[PDB]
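Worksheet for the structure shown next.
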Amino acid sequence: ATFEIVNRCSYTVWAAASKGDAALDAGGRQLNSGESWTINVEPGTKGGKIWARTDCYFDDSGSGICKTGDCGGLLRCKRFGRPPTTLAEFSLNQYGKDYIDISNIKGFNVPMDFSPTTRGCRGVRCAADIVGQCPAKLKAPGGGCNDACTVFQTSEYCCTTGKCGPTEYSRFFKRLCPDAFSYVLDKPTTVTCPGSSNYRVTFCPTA
């Protein structure tokens with residue numbers, strides 16, 4: 001499947017793509033403002049994620065650090081990134097269908113639209129200014145808006161027992177972005193697409 005990743009933000013981002021124990025495609029690449037990078041993701045990929053990283057420095061071997069979404073200091077991500085990270089999430093060819101969503105469960109760093117480029121389903125978007133409006137206690141000094149699990153490490157925010165409810169913090173993300181997951185047991189905002197659709201992830205789709 002192809003995913004065209006487009007950076008419409010006015011700042012550089014380093015895109016990242018992983019399924020948690022492996023890179024998808026090259027795993028990561030710099031996108032200056034306006035650049036597009038098309039990756040190929042193997043059919044059947046389960047639990048894949050794409051995100052942006054901000055304020056990265058890499059040396060000549062692809063090693064360094066990012067202020068958000070850093071994946072073990074690598075340019076080419078093999079693992080998931082450090083919160084806060086707005087997440088484009090997808091499982092492809094799952095019994096004939098693809099499933100996509102956007103999640104704020106690991107916080108928010110960069111606004112995002114995640115849409116099919118082929119027929120048969122709708123896209124999802126969380127493009128509100130969550131960093132500017134971020135509650136004081138969730139603000140990440142490194143940049144971005146942390147989820148409450150990351151900040152407070154309770155069973156309630158982290159849904160560790162499988163039995164959690166919405167919270168004042170989850171409701172803030174859900175208020176600014178109704179179409180994204182705000183906590184682990186949020187009412188699903190997953191979209192079912194035909195098996196083997198292709199997609200575009202656009203950072204800053206409205207700024």
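Each chain in the structure tokens gets a letter, A, B and so on, in the order shown; residues start at 1 in every chain, and ligands are counted from 1 in the order they appear.
Near residue 43 in chain A, within 12 Å and counting only C-alpha atoms, sit residues 1, 2, 24, 48, 90, 91, 92, 93, 94, 95, 96, 97, 98, 195, 196, 197 and 198 of chain A; same-chain residues fewer than 4 positions away were not included.
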What's around residue 79 in chain A at 8 Å? Count only C-alpha atoms, leave out sequence neighbours fewer than 6 positions away in its own chain, and write the answer as a PyMOL selection string. chain A and resi 18-23+71-72
With a distance cut-off of 6 Å and only C-alpha atoms, select the neighbouring residues of residue 7 in chain A, excluding the residue or stretch itself and same-chain residues fewer than 3 positions from it, and output the selection as a VMD selection string. chain A and resid 33 to 35 202 to 203
Please identify all polymer residues within 8 Å of residue 147 in chain A, counting only C-alpha atoms, omitting same-chain residues fewer than 3 positions from it, and present them as an MDAnalysis selection string. chainID A and resid 83:84 104:108 138 150:151 169:170
Test item, helix (DSSP H, G or I) assignment across range 46-147 of chain A, answer as a short mmCIF file (atom, residue, chain, number, x, y, z; two decimals) with C-alpha atoms, in the first residue's frame:
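Ended up saving to states_19.cif:
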data_model
loop_
_atom_site.label_atom_id
_atom_site.label_comp_id
_atom_site.auth_asym_id
_atom_site.auth_seq_id
_atom_site.Cartn_x
_atom_site.Cartn_y
_atom_site.Cartn_z
CA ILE A 130 -4.16 21.46 20.69
CA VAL A 131 -0.63 22.71 21.60
CA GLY A 132 -1.69 26.36 21.96
CA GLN A 133 -4.84 25.37 23.97
CA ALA A 136 -1.08 23.83 31.85
CA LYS A 137 -0.42 20.43 33.52
CA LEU A 138 -0.19 18.60 30.14
#
Tell me, which residues of range 28-159 of chain A carry DSSP strand (DSSP E or B), written as a PyMOL selection string? chain A and resi 28-31+36-40+48-58+63-68+74+87-94+97-103+108+112-116+124-126+139+145
Residues near residue 57 in chain A, cut-off 12 Å, only C-alpha atoms, skip fewer than 4 positions along chain, as a VMD selection string: chain A and resid 12 to 14 30 53 61 to 68 70 73 to 75
Write out as a PyMOL selection string the residues lying within 12 Å of range 180-189 of chain A, counting only C-alpha atoms and excluding same-chain residues fewer than 5 positions away. chain A and resi 86-89+99-108+111-114+122-128+146-150+155-175
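Taking only C-alpha atoms, the non-local environment of residue 39 in chain A within 8 Å (same-chain residues fewer than 6 positions away omitted) comprises residues 2, 3, 4, 5, 25 and 26 of chain A.
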Write the residues of the selection above to a file with N, CA, C and O atoms, as a compact mmCIF listing (two decimals), in the first residue's frame.
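Result file follows (part.txt):
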# COMPACT_ATOMS: atom_id res chain seq x y z
N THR A 2 0.46 2.33 -0.62
CA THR A 2 1.30 3.50 -0.63
C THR A 2 0.67 4.50 0.31
O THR A 2 -0.59 4.61 0.41
N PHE A 3 1.56 5.21 1.01
CA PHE A 3 1.18 6.29 1.91
C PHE A 3 2.00 7.50 1.46
O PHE A 3 3.26 7.50 1.57
N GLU A 4 1.33 8.53 1.00
CA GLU A 4 2.05 9.70 0.60
C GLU A 4 2.03 10.56 1.85
O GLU A 4 0.95 10.94 2.35
N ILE A 5 3.21 10.89 2.38
CA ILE A 5 3.24 11.71 3.60
C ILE A 5 3.67 13.12 3.19
O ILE A 5 4.75 13.29 2.55
N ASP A 25 8.85 0.72 5.51
CA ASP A 25 9.71 1.38 4.50
C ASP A 25 11.03 1.76 5.17
O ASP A 25 11.50 0.99 6.01
N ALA A 26 11.60 2.93 4.87
CA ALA A 26 12.82 3.38 5.51
C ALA A 26 12.66 3.79 6.96
O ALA A 26 13.65 3.98 7.63
